[PDB]
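The chain below stands alone and is given as structure tokens, in the form deposited in one PDB entry.
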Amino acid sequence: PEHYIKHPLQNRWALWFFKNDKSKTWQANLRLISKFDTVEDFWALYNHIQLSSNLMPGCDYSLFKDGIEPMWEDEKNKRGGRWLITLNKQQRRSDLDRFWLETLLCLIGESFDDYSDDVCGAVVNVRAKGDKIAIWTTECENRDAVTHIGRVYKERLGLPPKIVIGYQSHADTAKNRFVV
């Protein structure tokens, strides 16, 4: 079988694109690119789309589980939050692509052990004032789930102990609940 069957992923994922157009509302600028649920289809999609290094400022990439929209209003997002990573212009050249791909691999590979059910998706923001990468979780009050994801994430990215990342509730964003 392995010689001809695609390798299924634990979850089905949806990749979203966002471009900032002042003529439209924020929700109207969200566009769904494609959905995938196999290892082969992910790499086909990833190799066909632009790297975030080469996106114009004001655009976003979002990878979310099928059934969860890239909105904080979503049922699985309103009571949750995100682990935030801030990038300067030097990091856009050095780390932007590596961190986003590692983020994608942490989602589709289910790298967070039992707490991978609390992951909702990931977002990279390409802005002129600085780039951001976030992993969204479903419940901000689950200290065990949120902090374990933060520890696994920070080690996966290779961040040194001198750097600290913060987790912010989406309700507050519209302060850091935890830091790791």
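Under this definition, the rigid core comprises the largest set of C-alpha atoms superposing within 1.5 Å between the forms. Shifts are known only where both forms have a C-alpha. A residue's number is simply how far along the shown sequence it sits, counting from 1.
Going from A174 to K175, you skip over 4 to 9 residues of the deposited sequence that the entry leaves unmodelled. Taking only CA atoms, the mean B-factor in the PDB entry is higher for 111 to 119 than for the other of 132 to 140 and 111 to 119. Higher mean CA temperature factor between 164 to 172 and 12 to 20: 164 to 172, per the PDB entry. Across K35, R31, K65, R151, the entry's maximum B-factor at the CA atom is seen for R31. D60 sits in the lowest third of its chain by CA B factor, as recorded in the PDB entry.
In this PDB entry, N77 carries a Cα temperature factor that places it within the lowest third of its chain's modelled residues. Split the chain's modelled residues into thirds by C-alpha temperature factor. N88 is in the lowest one. Annotation for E155: CA B-factor lies in the highest third of the chain's modelled residues. Among all modelled residues in this chain, the alpha-carbon of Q50 has a temperature factor (C-alpha) in the middle third.
Below: the form solved in complex with a partner chain, not depicted.
Among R151, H48, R143, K129, the residue placing a heavy atom within 4.5 Å of its partner chain in the bound PDB entry is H48. By the 4.5 Å heavy atom rule, the three marked residues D66, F99 and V124 all fail to count as contacting its partner chain in the bound PDB entry. Heavy atoms of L84 never reach within 4.5 Å of its partner chain in the bound PDB entry, leaving it off the interface.
Its partner chain is not shown here, but in the bound PDB entry it comes within 4.5 Å of a heavy atom of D117. Within 4.5 Å of any heavy atom of its partner chain in the bound PDB entry lies no heavy atom of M71. In the bound PDB entry, at least one heavy atom of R156 sits within 4.5 Å of a heavy atom of its partner chain. Heavy atoms within 4.5 Å of its partner chain in the bound PDB entry are found in one stretch of 22 to 30, 38 to 46, 129 to 137, 143 to 151, which is 38 to 46.
Identified as moving between the shown form and the other one on the superposed core is the stretch 160 to 164 alone, made of at least three consecutive residues whose Cα atoms shift by 2 Å or more.
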